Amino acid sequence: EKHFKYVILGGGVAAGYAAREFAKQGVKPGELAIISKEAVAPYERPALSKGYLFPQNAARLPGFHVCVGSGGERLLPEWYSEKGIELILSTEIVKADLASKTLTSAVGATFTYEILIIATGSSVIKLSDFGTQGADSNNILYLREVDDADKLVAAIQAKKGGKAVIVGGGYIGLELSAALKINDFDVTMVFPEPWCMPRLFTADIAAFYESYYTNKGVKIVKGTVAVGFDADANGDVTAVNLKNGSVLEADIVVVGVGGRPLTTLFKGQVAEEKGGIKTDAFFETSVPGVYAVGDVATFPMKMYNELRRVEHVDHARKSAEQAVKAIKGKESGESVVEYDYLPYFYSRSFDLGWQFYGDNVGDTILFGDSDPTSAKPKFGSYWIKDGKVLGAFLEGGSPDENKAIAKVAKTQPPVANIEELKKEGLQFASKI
């Protein structure tokens, strides 16, 4: 049995950013442990569907450990040993008893704590969850952690020049479809929703991306689902059977159909809402001294005055920092202010890259040049409600442009003249 004053359960983005904040807050050797099922120290997970998959000059650990994806210092394994923060890796916790402050591993070792930060993130929804025949076939792959990324890069090499089907139409599907096309596969994306990234993109933003993708040669099948997967005599996938009747040949299937927060360990022990563990503005759960951060947390989003749960890397970083600040504040009796996050999401694929800030609520206007055949695409959109801007999206922005739309989203300026807005959208944002 090992005991630590502070235990972070999980070794992902929030964990890493929490450890950096504990360092900043003066954690001492022997106080903090991070327990992770992964075999490696915390890393910037968005690289797994971006540089990890590049056919040249690919991202590889230890390059993309935290905190370099935000421009911070890199926290190698030796950084945690130098600080006397114990990294307990390749350790899956399979039971948590909050009353006794005890975690148990799959092999039966126990760990106790005084303060617990739940930073377990999400697991992916699987094709078995849709009851799909043949979901269990080989070469049907998911992408959440670096072990998954290595299996994908190995299949890319094994099946080079083949056919790939990507199931899903959110931003993981978009990034995967683009990765496989860049790695020289024939690619088809399949999803039921009426356009890609339907929880964020408008039909007009989506039509840009869908057009750009088809111009790159990616096929897009919307309005259907897979109902089966054919497999050969080795159990390896060979074809995807769709509800619309089409049969797509496939050497590799890669799935991005969403995730689920990893809250099962705590079911019945903490209050839950919106698919997550409910927290206050300091990331403390219904059990004192147990906090929940990142993808699992359902928290008060101060600027919207509503409880929300978000799966954004920026929030994993910032909520981690907030929870450690709150922990340390309570020790010293020093106050900490309520978390005040501005939603920030981004994605990249091919040569494109977009950023979104604020809330996708209201009616939209598009600005700039949304011809997908442009040399250097650059266009955005505003979400307007009650005559003010609530959300902003930008593809192809400079740093100052991105900062300006972030300031629009944060400040919610009023719109006088829509035709001016639309004709000079970024100038609008720069004057704020």
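One-based numbering along the sequence shown.
Colleague: Higher average CA B factor in the deposited record is what I'm after, so tell me if that's 3-11 or 422-430.
Modeller: According to the entry, 422-430 carries the higher average C-alpha B-factor.
Colleague: Using the B-factors recorded in the PDB entry, average over the C-alpha atoms of 257-265 and of 349-357, then report which stretch comes out higher.
Modeller: Stretch with the higher mean C-alpha B-factor: 257-265.
Colleague: Quick one: which of 49, 402, 374, 70 has the biggest Cα B-factor according to the entry?
Modeller: Going by the entry's C-alpha B-factors, 374 comes out highest.
Colleague: In terms of recorded Cα temperature factor, pick the maximum from 139, 335, 319, 183.
Modeller: Spelled out: the listed residue with the top C-alpha B-factor is 335.
Colleague: Within this chain's modelled residues, let me know which third the CA B factor of residue 56 belongs to: lowest, middle or highest.
Modeller: Answer is highest: the recorded C-alpha B-factor places it there.
Colleague: Of the three thirds of its chain by CA temperature factor, lowest, middle or highest, which one includes residue 173?
Modeller: For residue 173, the deposited C-alpha B-factor lands in the lowest third.
Colleague: Among the chain's modelled residues, which third holds the C-alpha B-factor of residue 65?
Modeller: For residue 65, the deposited C-alpha B-factor lands in the lowest third.
Colleague: Classify residue 29 as lowest, middle or highest third according to the C-alpha B-factor given in the PDB entry, relative to its own chain.
Modeller: For residue 29, whose C-alpha B-factor we compare with every modelled residue in the chain, the answer is the highest third.
Colleague: Please rank the C-alpha B-factors of the chain's modelled residues and tell me whether residue 78 sits in the lowest, middle or highest third.
Modeller: Residue 78: CA B-factor falls in the highest third of its chain.
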